[PDB]
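Structure record follows, encoded as structure tokens.
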Amino acid sequence: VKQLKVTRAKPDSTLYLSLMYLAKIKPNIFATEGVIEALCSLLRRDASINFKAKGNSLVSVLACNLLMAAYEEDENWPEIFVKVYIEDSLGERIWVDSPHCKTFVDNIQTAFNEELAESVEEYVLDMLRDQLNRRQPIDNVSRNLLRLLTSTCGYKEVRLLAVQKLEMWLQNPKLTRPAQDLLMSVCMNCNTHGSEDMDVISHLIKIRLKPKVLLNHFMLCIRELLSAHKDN
Amino acid sequence: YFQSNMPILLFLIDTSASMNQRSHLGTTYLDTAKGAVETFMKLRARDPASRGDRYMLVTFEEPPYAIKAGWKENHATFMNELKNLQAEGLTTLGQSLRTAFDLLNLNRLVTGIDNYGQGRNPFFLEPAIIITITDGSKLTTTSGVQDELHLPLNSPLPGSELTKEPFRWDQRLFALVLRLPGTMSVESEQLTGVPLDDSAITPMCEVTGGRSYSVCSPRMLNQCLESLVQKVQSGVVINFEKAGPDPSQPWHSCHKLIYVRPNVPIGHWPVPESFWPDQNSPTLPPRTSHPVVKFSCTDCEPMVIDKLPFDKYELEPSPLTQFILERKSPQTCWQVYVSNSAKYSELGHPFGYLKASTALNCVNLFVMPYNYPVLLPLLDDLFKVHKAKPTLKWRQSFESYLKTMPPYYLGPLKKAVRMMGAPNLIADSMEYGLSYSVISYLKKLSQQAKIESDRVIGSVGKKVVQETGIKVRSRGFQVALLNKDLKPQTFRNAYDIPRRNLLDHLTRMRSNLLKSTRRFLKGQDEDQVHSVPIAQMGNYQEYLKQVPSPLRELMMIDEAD
């Protein structure tokens with residue numbers, strides 16, 4: 001550590017390089033706390049001269065996406081894989097916008113979906129609650145981030161939070177496509193009759209939209225969903 | 001591992017108002033000090049090794065503004081800060097010296113250069129010298145006058161308790177005391193040596209391994225600057241002491257410097273600690289900044305085996321070197337000890353020796369393993385009798401030596417025996433010098449030092465505004481004062497226009513507004529432009545870039561070639 005820090009004019013670039021090679025041979029090796037301890041020790045942010053940023057993880061992302069092929073038929077998975085899949089979505093969204101990479105994103109999302117997966121999901125939700133509680137702007141969400149939110153649709157709380165902003169984006173002309181996707185998702189998800197769905201329906205009921213096409217489409221979708229379920 | 005090829009030149013310029021005294025030259029003491037720094041760098045630049053020199057500036061101001069050029073401040077910033085120093089404070093020599101040493105020791109704990117509790121490594125050095133330029137005027141505070149120099153202890157640095165002095169092994173303090181009179185001194189320009197000054201800074205200078213210079217003539221100034229340029233060396237100050245009877249003298253005690261030569265200095269054996277390590281001590285004993293090294297004037301034999309890694313450090317000229325080269329015994333050596341380094345012995349076992357060179361031109365310190373007269377025969381017999389195939393008696397004797405062998409030498413000894421060709425001689429285990437509590441404390445100190453270094457380095461910019469106010473007494477409200485940053489935007493602000501200049505300037509701004517048709521709508525001409533800093537006044541090299549290039553066709557200086 002002292003050699004890496006003091007001799008920063010010629011630092012060792014193999015620290016990040018060795019991660020890609022080792023992860024493709026021994027997946028359990030990446031779960032050790034030594035790398036975590038090193039990252040925590042080196043995480044002191046200095047403004048004048050320091051390497052306080054994270055290097056490109058394209059090789060790591062490729063390895064993670066290719067590991068889904070070997071875990072397609074595996075029903076039981078460890079919590080380390082779930083944590084890695086959760087952490088993968090928190091990147092820069094390099095391949096989120098690419099439509100050809102839809103299969104890889106779907107596989108990554110399904111990987112996190114269960115002996116230890118419940119605890120991993122609970123920990124992921126607790127960690128993400130810090131960002132969830134923040135009142136982020138609707139315009140701050142990029143177009144490529146829609147797939148990330150839609151993929152993790154298992155949690156009813158996330159769906160309820162997404163549906164809660166349907167009335168907020170009703171007056172926004174730039175969110176008409178998301179509003180239509182929200183209506184489609186609300187119609188499709190109206191099959192459990194749970195608390196979250198009822199809350200979303202009550203929130204969206206009192207919102208009046210000036211255009212008639214969107215309201216008519218929402219009413220038609222609601223009628224179709226009601227005809228689909230006998231518990232309507 | 002550690003860059004000793006980039007020396008730090010910290011300048012502690014006295015900015016007390018007493019430095020406004022005028023010499024016979026017509027310039028102030030502060031002007032002489034700035035010229036002395038400039039001359040020092042002009043002389044230093046003649047040496048090709050001068051590249052990579054870190055120049056730092058600390059003053060007698062308060063800690064937020066004491067540091068003008070610290071770490072990660074470029075040369076142009078150093079020059080600009082030096083040029084604009086003003087002598088308007090009190091002679092807070094002790095406080096400013098404390099801040100200077102804290103600045104030098106800012107990153108020591110982050111990078112572990114001190115090697116606390118693990119032996120003192122002469123090759124773990126960040127060689128710096130503090131050249132403090134001052135006058136002999138008495139030290140002052142708000143309360144009164146201090147007749148003696150005392151470095152404050154309040155607000156201790158994290159881990160400052162580990163070394164019982166503020167200055168460090170690889171740091172030397174030099175004082176340039178200006179005693180230039182206001183009258184043209186009748187003394188001739190005698191070529192004698194520079195006197196030691198008698199001010200309160202001289203004891204601290206001598207303790208650090210430096211010296212004070214008394215200056216009362218420009219010729220003397222040049223002489224001290226030349227000697228100071230000659231004293232910029234990469235090395236560590238060793239407190240050499242005499243043990244035993246003679247074989248109260250200058251060579252009995254000396255704070256001499258041993259040279260360390262890079263190429264990235266390479267070395268193996270540390271200087272022993274002043275205590276025996278144990279795994280149950282909650283706290284590490286404090287260190288002397290200069291290790292008390294004791295030699296015995298016995299003229300022993302300098303035993304060496306062929307393949308051993310031995311560190312050789314050339315002593316600087318000193319009365320001890322004079323004594324050794326005058327007795328003229330280059331084939332014999334004086335054994336060297338560190339007191340209390342052993343389990344029980346007060347004097348301890350030897351770790352090295354002073355051996356004069358063959359030409360009797362220099363004396364070199366040969367840093368050997370701990371208790372080397374016992375180890376070296378065994379280490380030779382390891383490779384001479386059984387070819388690194390240890391016997392029962394040899395292993396028993398080696399373990400017995402290990403009982404007297406401090407654990408902090410285990411790493412260097414392991415590396416040494418490995419590079420001889422016997423890697424499996426000893427158990428590959430962590431050094432038992434430090435307890436878990438000690439190592440946890442050291443890591444906590446490293447983190448705290450990192451945070452404090454980040455705070456201090458970001459604080460050197462002096463990004464604050466002086467209290468431009470006159471606190472009005474009753475018998476809150478204050479009267480403002482002019483500032484440097486309130487450049488009058490007389491076109492953009494009608495309050496900056498004097499009454500006497502009201503009409504013509506009104507005409508000017510009217511013309512600037514209406515006549516801007518196919519023109520330019522700038523601020524006030526003759527102010528925002530044509531009041532450029534003098535440094536950028538005639539920068540034609542930079543100016544020509546903003547102009548389109550032309551068409552191709554094929555005593556020192558006077559503003560051009």
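Just so we're on the same page: first chain in the structure tokens is A, next is B, and so on; residues restart at 1 for each chain, and ligands are numbered from 1 in the order they show up.
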Requested in this report: For chain A, report every residue with an atom at most 9 Å from chain B (counting only C-alpha atoms), formatted as a ChimeraX atom specification.
Outcome: /A:1-7,41,44-49
Query - residue 210 (chain B) surroundings by only C-alpha atoms, 12 Å radius, close-in-sequence under 6 positions cut, as a ChimeraX atom specification - result: /B:128-132,167,169-176,196,201-204,227-228,231-233,236-238,254-257
Query raised in the report: Could you pull the residues within 12 Å of residue 98 (chain A), counting only C-alpha atoms, minus those fewer than 3 positions along the same chain, as a list in words?
Result: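 The contact residues come out as residues 93, 94, 95, 101, 102, 103, 104, 105, 143, 144, 145 and 147 of chain A.
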Go ahead and save the residues from that selection, with C-alpha atoms, as a PDB file, in the first residue's frame.
```
ATOM      1  CA  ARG A  93     -25.543   2.592 -17.901  1.00  0.00           C
ATOM      2  CA  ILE A  94     -23.066   1.971 -20.717  1.00  0.00           C
ATOM      3  CA  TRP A  95     -25.200  -0.609 -22.553  1.00  0.00           C
ATOM      4  CA  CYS A 101     -28.124  -5.827 -25.329  1.00  0.00           C
ATOM      5  CA  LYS A 102     -31.681  -6.332 -24.019  1.00  0.00           C
ATOM      6  CA  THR A 103     -31.064 -10.053 -23.421  1.00  0.00           C
ATOM      7  CA  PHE A 104     -27.981  -9.395 -21.271  1.00  0.00           C
ATOM      8  CA  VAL A 105     -29.827  -6.806 -19.159  1.00  0.00           C
ATOM      9  CA  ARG A 143     -34.234   7.312 -21.331  1.00  0.00           C
ATOM     10  CA  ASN A 144     -31.903   4.340 -20.792  1.00  0.00           C
ATOM     11  CA  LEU A 145     -32.860   4.178 -17.093  1.00  0.00           C
ATOM     12  CA  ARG A 147     -35.294  -0.480 -18.627  1.00  0.00           C
TER      13      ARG A 147
END
```
**Report entry** Near-residue 46 (chain B) list (12 Å; only C-alpha atoms; drop same-chain fewer than 6 positions) as a list in words
**Finding:**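 Here the answer would be residues 39, 40, 226, 229 and 230 of chain B.
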